[PDB]
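In what follows, every heavy atom counts, from backbone to side chain, and hydrogens, waters and symmetry copies are set aside. Order of the sequence lines sets the chain letters (A, B, ...), proteins ahead of strands, with each chain counted from 1.
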There are 8 protein chains.
Amino acid sequence: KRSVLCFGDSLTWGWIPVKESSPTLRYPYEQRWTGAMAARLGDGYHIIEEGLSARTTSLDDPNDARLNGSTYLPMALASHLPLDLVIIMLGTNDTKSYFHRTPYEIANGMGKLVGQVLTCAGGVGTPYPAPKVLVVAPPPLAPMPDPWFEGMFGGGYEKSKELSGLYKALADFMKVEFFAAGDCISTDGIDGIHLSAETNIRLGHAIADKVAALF
Amino acid sequence: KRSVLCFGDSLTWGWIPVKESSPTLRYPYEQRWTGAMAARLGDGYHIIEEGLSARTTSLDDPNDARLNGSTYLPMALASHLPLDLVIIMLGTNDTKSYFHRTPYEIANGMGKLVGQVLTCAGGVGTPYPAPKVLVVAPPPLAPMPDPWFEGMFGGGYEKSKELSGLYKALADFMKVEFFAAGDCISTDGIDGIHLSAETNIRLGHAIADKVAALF
Amino acid sequence: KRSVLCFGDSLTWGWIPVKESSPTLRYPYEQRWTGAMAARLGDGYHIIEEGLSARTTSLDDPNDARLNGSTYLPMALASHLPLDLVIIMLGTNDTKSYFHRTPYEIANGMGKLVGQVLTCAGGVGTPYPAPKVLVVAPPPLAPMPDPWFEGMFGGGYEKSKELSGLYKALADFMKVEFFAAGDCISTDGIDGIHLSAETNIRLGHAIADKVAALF
Amino acid sequence: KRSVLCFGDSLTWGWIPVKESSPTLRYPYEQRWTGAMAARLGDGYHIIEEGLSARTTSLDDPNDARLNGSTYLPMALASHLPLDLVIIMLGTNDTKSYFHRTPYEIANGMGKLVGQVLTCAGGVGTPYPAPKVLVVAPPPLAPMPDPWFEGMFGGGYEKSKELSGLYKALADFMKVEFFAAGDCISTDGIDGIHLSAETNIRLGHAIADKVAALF
Amino acid sequence: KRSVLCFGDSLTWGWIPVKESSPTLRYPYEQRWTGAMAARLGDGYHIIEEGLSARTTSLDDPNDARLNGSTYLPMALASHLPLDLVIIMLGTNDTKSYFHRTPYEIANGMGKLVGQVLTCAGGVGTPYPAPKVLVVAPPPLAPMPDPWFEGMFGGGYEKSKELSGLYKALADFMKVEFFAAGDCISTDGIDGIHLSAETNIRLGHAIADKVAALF
Amino acid sequence: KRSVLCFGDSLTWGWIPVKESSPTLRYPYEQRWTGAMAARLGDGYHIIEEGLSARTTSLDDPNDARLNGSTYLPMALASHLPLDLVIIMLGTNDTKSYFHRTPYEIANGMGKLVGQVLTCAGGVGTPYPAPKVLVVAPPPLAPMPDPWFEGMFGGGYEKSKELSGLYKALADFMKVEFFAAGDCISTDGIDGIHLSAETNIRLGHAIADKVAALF
Amino acid sequence: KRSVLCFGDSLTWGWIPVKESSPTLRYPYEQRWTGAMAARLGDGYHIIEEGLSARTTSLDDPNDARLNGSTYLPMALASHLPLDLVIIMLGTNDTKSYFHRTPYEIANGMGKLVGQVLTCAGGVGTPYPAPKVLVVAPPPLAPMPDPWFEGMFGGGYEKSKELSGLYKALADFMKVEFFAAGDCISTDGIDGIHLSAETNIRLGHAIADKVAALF
Amino acid sequence: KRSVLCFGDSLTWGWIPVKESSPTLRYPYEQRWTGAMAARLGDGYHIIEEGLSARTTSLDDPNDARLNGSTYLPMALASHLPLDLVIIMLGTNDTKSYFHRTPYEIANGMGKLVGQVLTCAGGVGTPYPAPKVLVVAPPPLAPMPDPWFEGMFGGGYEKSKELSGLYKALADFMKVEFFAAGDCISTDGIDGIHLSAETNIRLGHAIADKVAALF
């Protein structure tokens with residue numbers, strides 16, 4: 001059996017876009033991209049979900065101590081070995097206005113996460129090798145009707161558009177795999193940030209085909 | 001389905017005891033207590049595994065920044081809501097010689113984790129409620145033929161015999177559920193620390209019976 | 001009775017504007033907005049005052065470790081449960097020149113405080129629920145004849161004009177209550193920052209009307 | 001009018017002792033020692049309550065960031081100036097097993113708090129003088145029927161018996177006022193830690209007589 | 001007798017300007033402003049020198065842990081009580097290119113130091129009162145022939161010109177004394193930063209007049 | 001002139017022992033050991049006083065951030081170069097009950113300070129060499145009639161008796177100078193900690209004789 | 001023999017420029033500038049290599065805790081005394097996009113390292129003197145065909161052109177030696193960052209000529 | 001060619017024992033164990049010396065920030081790749097009186113260093129594999145004539161005697177190589193801590209045999 005760890009933010013947790021913006025409920029597994037990917041990959045794969053709303057690549061959020069992805073990823077890797085592949089879809093939250101990050105710095109944060117996977121061989125007391133890495137660039141942001149979300153992501157749209165190219169450059173440099181979500185889907189939720197079930201399913205099917213071919 | 005997050009150390013990850021002590025392989029899912037519990041609970045339950053070898057309740061390990069359970073649990077809870085129950089089986093590693101913790105301090109560390117579950121309602125932007133908690137006392141340690149493990153757990157056996165009584169008192173105080181694993185299993189692995197497959201399966205079946213009676 | 005905690009800066013503490021700028025005396029209770037609110041609400045309400053001159057939403061002041069509102073609020077909430085409502089009037093001091101904060105960052109700091117209220121249920125060992133929240137936008141700044149105050153608030157007037165709209169958006173997003181003080185009062189003190197007794201009393205009466213309609 | 005700040009733990013917050021140990025409700029104001037003291041002092045005094053369950057003199061609690069009294073007292077003083085007197089009743093929680101503090105270290109923590117009052121003149125931008133200080137030694141602990149509380153306070157009884165003498169020595173040295181609660185009341189709650197309403201009322205009346213005579 | 005603490009940077013230590021820029025020797029006491037001030041004041045005054053080359057008001061220097069004035073001043077005050085007056089001449093080093101401080105932030109750092117004096121009453125275990133404060137704005141910088149010093153103070157000249165006005169506003173606001181060194185002297189050393197002996201003597205005489213007028 | 005920096009605690013600052021223990025006044029210069037030493041050395045020497053009540057060698061005091069000698073000494077050395085000699089009389093406060101330091105640890109803290117002197121050559125931008133070092137063991141403690149001082153120094157008398165032998169061994173190892181004050185004076189103040197004026201003067205005269213023999 | 005410590009980044013470690021950018025192999029010693037220098041200096045000299053890919057002067061890299069040169073240099077100096085000369089070639093990595101450092105700040109970081117060498121006399125328990133220092137400006141950057149390297153060094157080329165002039169000014173100020181590598185070599189590797197073997201050898205020969213002229 | 005990194009304390013740096021204890025000179029390379037090992041191994045081996053007097057396995061020394069071995073080892077590994085073998089001889093300094101470490105904690109600190117080698121594959125941007133590890137238990141301490149050294153190592157002899165057995169157990173557990181220096185040499189220097197030249201040579205020859213047998 002092959003084990004695949006899916007590390008992400010609200011797009012991976014499965015945030016349902018809603019007209020009142022927040023709070024919201026979670027998509028059932030079969031309507032998450034992770035579940036749709038698992039269905040297409042089949043029973044030879046075991047999918048592990050680690051999606052956290054508002055998670056960044058490598059930034060401490062001023063209002064929530066839980067959100068730095070790089071703080072949690074080493075622990076998660078060691079908890080889930082043996083792993084064949086880690087899929088990482090993050091970066092959208094790094095584009096928020098109050099973080100003042102350049103696109104390159106966001107990609108460099110993704111690079112920190114890739115390095116944490118590449119150096120994780122052995123975990124705590126095992127002979128297991130490092131898994132492969134699939135870097136996923138999230139789809140670009142869209143216009144947002146809610147003024148709080150619009151303020152939250154001020155300046156972020158242009159940054160989100162640059163991530164695909166920079167993540168491709170990063171993945172080539174670090175000799176790992178790459179997939180641009182925006183080549184297959186768009187951000188289609190009413191809030192301009194999150195995704196519909198149908199788009200989650202299309203995304204998971206497409207990632208499944210990438211996974212099946214990358215080993 | 002009812003979601004059950006299983007938070008623990010190597011006993012939960014599934015460390016196979018071996019003659020060379022370390023390193024070792026992972027039990028397959030159906031030979032882990034988590035998988036055996038999942039099998040007896042049936043398809044109305046969804047099990048989430050968060051087991052990490054060498055994890056403590058609330059201590060920083062001097063050689064490994066991944067191992068403080070309380071550093072990770074809030075992030076894990078928010079990543080996995082909605083949750084109906086969190087089962088926590090930890091404390092054995094707090095008995096290691098170099099931590100110099102009293103049994104009450106170990107139970108108080110378990111209490112820190114219980115509190116993190118009880119106050120987690122809402123996660124990141126959801127209306128979901130806090131789950132129930134099942135505190136599990138691990139079975140006492142056993143003779144260790146490897147001198148490195150014997151030094152690692154110097155003074156720990158006597159502390160391990162006190163955890164069950166103190167965890168019961170904690171659980172009554174905090175108004176959560178409690179299971180004494182040592183009434184049903186013993187630490188039967190060749191290394192004096194870990195468990196056989198047959199014992200994992202017995203444990204998981206016993207925990208499943210306890211969980212079913214809560215719902 | 002219904003308990004109302006009033007969390008704020010000098011506008012809440014009751015700084016009397018004076019020709020020498022500083023130091024100054026405190027308005028008596030019946031000339032504070034808190035006391036005037038208490039008088040119009042009547043004996044079914046119990047007011048708790050937590051006003052601190054120079055307090056910010058969520059910033060460490062370089063000269064004074066007492067001034068980060070978010071450092072203190074969780075302790076204050078647990079000390080005063082049971083609470084029915086928390087009124088927060090802060091943000092003016094975040095506009096000071098040496099903080100270099102954008103208006104969105106100031107509102108996001110207010111959001112940190114709102115979240116601290118919303119997640120405070122139980123306090124230390126109680127069954128009490130989280131109180132409601134009333135976010136109050138302070139009135140915009142005014143001309144400052146003292147050159148030290150003018151330097152202190154350089155760039156702050158323009159930011160102060162944006163807080164009301166952003167606080168309304170925050171409150172709608174977090175599903176709490178909102179009052180724009182600038183619809184009812186102006187910053188009428190001689191120093192361009194603080195308020196007259198007549199204006200405090202008008203503010204408190206207006207807030208009282210808002211509070212009564214919540215219960 | 002004279003203003004009196006009452007800084008304390010669950011004995012000041014007003015924890016009702018209950019057979020299930022925890023959680024519990026709060027005494028109404030007239031059944032707290034603060035309220036009973038205010039009734040006896042009369043309308044020439046304004047009492048300010050700052051009681052926090054589980055609060056220590058100057059220790060960080062491993063499971064709760066809210067509980068170090070010395071972290072909060074400077075902020076509270078500046079928020080409540082002008083003050084004529086600060087009454088401090090703390091130390092019981094410093095005797096808990098997991099803190100491993102000697103009686104002298106507990107008294108030295110009380111001394112830290114006394115110094116914070118004595119040096120607080122001016123607050124933020126006022127001409128107000130430092131208030132007087134009344135150090136109150138809490139009554140000694142009693143036997144505890146609940147095993148979690150008994151473990152929590154292991155070794156604490158003897159420490160609690162030494163605080164009166166050491167706090168008297170401290171108050172004489174620092175030239176402030178002293179009152180031994182144990183000379184008037186005993187710890188009479190079922191849990192061995194907290195107080196009955198009748199004892200709260202006796203205590204507040206006795207502190208009121210001390211206050212009226214100390215200026 | 002009355003004691004006067006002189007807290008400063010190289011202008012107070014007595015750096016002799018030299019063509020090679022650095023290193024250099026110290027002026028003898030009678031050619032320092034402190035010694036010249038002491039001579040004019042007479043033997044009714046005890047002068048304490050605390051001058052440190054490269055010292056800032058309140059900034060940590062990246063290359064030298066000794067240079068934050070506000071880190072050392074509280075210790076120095078307590079070491080030198082009883083004190084009648086503290087003279088503070090700092091701010092020039094805050095204008096260095098790599099600190100990126102605005103003039104207001106520099107004056108606010110001076111304000112931090114003024115506050116440390118005003119709150120220092122008692123020291124460690126004494127009845128002594130807080131000293132008075134004389135804020136001294138240093139003379140503006142001059143053109144600098146050495147390229148390393150020119151880079152070191154890039155952007156600093158304009159900032160140094162603004163300190164007099166801002167320090168005057170600060171001293172009025174905090175109700176302390178003020179003296180503009182630039183009303184009496186100029187920066188006349190060959191390096192564009194430090195002062196000649198005759199200028200130190202003129203400066204010390206003028207400061208002595210200010211000190212004598214206060215007492 | 002030869003410059004001599006005197007770095008110490010209350011014995012150097014000049015704490016007057018008094019019947020009420022604290023607070024107290026400072027001995028005049030002529031009644032300090034520093035001033036008595038200066039008089040006997042004469043006008044070829046320049047004495048710099050750096051005495052701070054309650055100062056330790058290298059410990060952070062829980063109640064006062066001013067008191068770690070090793071935190072302040074590097075800044076003080078650079079402020080006072082050129083220096084021919086640093087006299088260090090510290091260690092008594094390290095024997096306080098709440099520090100739990102062994103006598104060797106106290107001498108090792110003295111060693112930290114000696115090293116700071118030996119490595120201080122050049123200061124900030126000077127060619128000056130490192131000064132010589134005179135390590136002074138303070139006299140042992142004596143009976144303490146005040147219960148607060150008795151508790152403060154519990155266990156400390158026996159440690160104070162060992163400092164001289166250990167400081168001699170330190171000074172020989174580090175190749176610096178050593179004077180045992182306890183051969184010439186005893187702790188004669190009423191409080192069992194501090195010194196009479198007559199004893200200060202005898203100490204300073206004895207240290208002066210030692211200093212002169214070094215040059 | 002005369003001992004020469006060579007402290008640097010990938011230019012010193014010997015990164016082989018390659019078409020796929022990363023990862024890469026290390027030049028053999030004979031193809032490193034260090035080994036080429038050693039050969040030309042001959043057997044009267046002993047070369048110590050301390051080159052680390054990605055090392056900065058004095059910056060913490062967000063992704064790698066190994067890379068701050070100033071964190072490691074004091075330990076390295078004490079490990080290798082006696083030393084006659086330290087050659088430092090660093091600064092290129094400080095020009096990376098995500099550090100946002102000005103050229104003067106980069107030279108000031110070099111200055112931090114120079115100071116660490118100049119103040120290292122004695123090491124741990126030795127009489128050895130501080131070595132001489134040779135500051136080496138690296139050659140300017142060149143076109144970078146890999147998009148990841150291009151982003152990594154955005155803004156850096158222009159900064160790299162200013163380092164030589166600033167390092168010369170630093171070395172004159174601090175009274176140490178200076179060599180401009182860009183007078184003798186250019187950045188000739190395919191990646192626009194690293195060097196060919198022929199260029200390493202030419203550099204080492206030119207540095208050897210400089211070193212010999214110092215002794 | 002194969003590269004061998006020698007990571008150690010004064011026994012590796014080459015401290016010459018001397019009657020005055022300290023300071024002292026360094027043995028020439030051919031009288032160090034490293035140089036003697038290199039001579040026996042031949043020119044197919046490249047030896048890298050990283051010895052630092054007073055270095056510990058994993059402890060911060062109170063008086064010197066340079067001495068934690070585990071702080072420096074990751075940087076040194078990355079600087080010296082490609083490496084075939086890392087030889088680690090440390091632990092003697094962890095036995096010093098003021099560290100209060102148990103023998104197991106010392107061996108666990110060695111374990112931290114072993115783990116840093118085993119996880120170092122790649123360094124910064126290379127394909128190189130992790131080196132092998134040779135753990136060397138240092139020879140036990142001897143009686144020490146100097147009282148400062150005797151105090152420094154109080155309690156340490158017994159601890160030093162236990163390191164061989166514990167390091168053997170550690171090396172077996174971690175599956176690396178082990179050599180007991182005390183099976184071949186004794187601590188023969190006059191100070192009871194360091195070694196003679198002939199003993200360094202015998203030690204290096206015996207370690208070379210171990211190294212050659214591995215390859």
> Does one side chain, of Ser10(C) or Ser53(C), offer a donor that lies under 3.5 Å from an acceptor on the other?
yes
> Parallel, tilted or perpendicular: which describes the rings of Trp15(C) and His194(C), with under 30° parallel and over 60° perpendicular?
parallel
> Is it the case that the side chain of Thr119(G) and the backbone of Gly115(G) share a donor-acceptor pair, with hydrogens and angles ignored and the cut-off at 3.5 Å?
no
> Given 3.5 Å as the limit, does a donor-acceptor pair link the side chain of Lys19(C) with the main chain of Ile190(C), or not?
no
> Is it true that a side-chain atom of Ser97(E) and a backbone atom of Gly151(E) form a donor plus acceptor pair closer than 3.5 Å?
yes
> Who are the salt bridge (charged side-chain N to carboxylate O under 4.0 Å, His left out) partners of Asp94(E), not counting sequence neighbours?
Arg101(E)
> When you look at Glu50(F) and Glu50(E), which way does the side chain to side chain contact (heavy atoms under 4.5 Å, CB included) test go after all the steps?
CA-CA 11 Å; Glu50(F) 294 288 358; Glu50(E) 294 290 357; 2.5 Å; yes
> Would you say that more than 12 heavy atoms from the other residues, nucleotides or ligands in this model lie under 6.0 Å from the CZ of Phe99(G), or not?
yes
> With a sphere of 6.0 Å drawn around NZ of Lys112(G), does it hold more than 12 non-hydrogen atoms of other residues, nucleotides or ligands?
yes
> Taking only residues two or more places apart in sequence, or in another chain, which ones meet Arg66(E) in a side-chain hydrogen bond (donor to acceptor under 3.5 Å, both in side chains)?
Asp64(E)
> Please tell me whether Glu49(E) and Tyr29(E) have a donor and an acceptor in their side chains that are separated by less than 3.5 angstrom.
no
> For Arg2(E) and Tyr45(E), indicate whether the former's side chain and the latter's backbone hold a donor-acceptor pair under 3.5 Å.
no
> Here's one to test your reading of the geometry: is the NZ or CZ of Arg26(E) within 45 degrees of the ring axis of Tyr128(F) and under 6.0 Å from its centre?
no
> Quick one: sort the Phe173(G) and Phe149(E) rings into parallel, tilted or perpendicular, breaks at 30° and 60°.
perpendicular
> Okay, side chain of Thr187(C), backbone of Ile193(C): is any donor-acceptor separation there less than 3.5 Å?
no
> Can any side-chain N or O of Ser160(E) pair as donor or acceptor with the backbone N or O of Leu141(E) at less than 3.5 Å?
yes
> Would a 4.5 Å heavy-atom cut-off, applied to side chains only, mark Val133(G) and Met174(G) as touching?
no
> Is the shortest distance from a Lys or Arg side-chain nitrogen in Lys161(C) or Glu158(C) to a carboxylate oxygen in the other one below 4.0 Å?
yes
> Show every donor-acceptor pair shorter than 3.5 Å between a side-chain atom in residues 203-213 of chain E and any protein atom, with sequence neighbours excluded, or say none if there are none.
residue: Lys210(E); atom: NZ; partner: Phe178(E); partner atom: O; Å: 3.1

> With distance as the sole test, does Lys175(E) use its side chain to make a donor-acceptor pair with the main-chain N or O of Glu20(C) at under 3.5 Å?
yes
> Looking at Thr57(G), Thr56(G), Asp60(G), which hits side chain to side chain donor-acceptor pair (under 3.5 Å) with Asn68(G)?
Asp60(G)
> When you measure from the side chain of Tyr104(E) to the backbone of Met152(C), do you find a donor-acceptor pair of N or O atoms at a distance under 3.5 Å?
yes
> Does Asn108(G) offer a backbone N or O that forms a donor-acceptor pair with the side chain of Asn63(E) under 3.5 Å?
yes
> Is a donor from one side chain sitting under 3.5 angstrom from an acceptor on the other, for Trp13(E) and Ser79(F)?
no
> Quick one: does any side-chain atom of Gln116(E) pair with a main-chain N or O of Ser70(E) as donor and acceptor, under 3.5 Å?
yes
